[PDB]
């Protein structure tokens, strides 16, 4: 298999006044491309925690947040896992060379 197309990374962010500062897409009810229910990072905002930390990449697939898996969740349920979090947020992500068309 083409394993070199993906890696994974644990990313830990500290939430300050500027917020985490990224946007997500996806979910079982909002598939980013046909037949893919994954949650992906669409945009990283300048001056948010994610941009300052530098590890998060646009196109990353988010696999878990604070140990809660983001496999086959509704879009809002995924969003809630982030927005209900506190000051410390742990993410497991898949960095992807591919983008889906």
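Numbering follows the first chain given and starts at 1.
Check: Hey, which bit's got the bigger mean C-alpha B factor in the entry, 89 to 97 or 9 to 17?
Finding: For C-alpha atoms only, the mean B-factor is higher in 9 to 17.
Check: Should the higher mean CA B-factor in the entry be assigned to 53 to 61 or to 70 to 78?
Finding: Per the PDB record, 70 to 78.
Next item on the list: Would you please rank residue 38 by its C-alpha temperature factor against the other modelled residues of its chain and give the third it falls in: lowest, middle or highest?
Entry: For residue 38, whose C-alpha B-factor we compare with every modelled residue in the chain, the answer is the lowest third.
Check: Once the chain's modelled residues are ordered by C-alpha B factor and cut into thirds, is residue 26 in the lowest, middle or highest one?
Finding: For residue 26, the deposited C-alpha B-factor lands in the lowest third.
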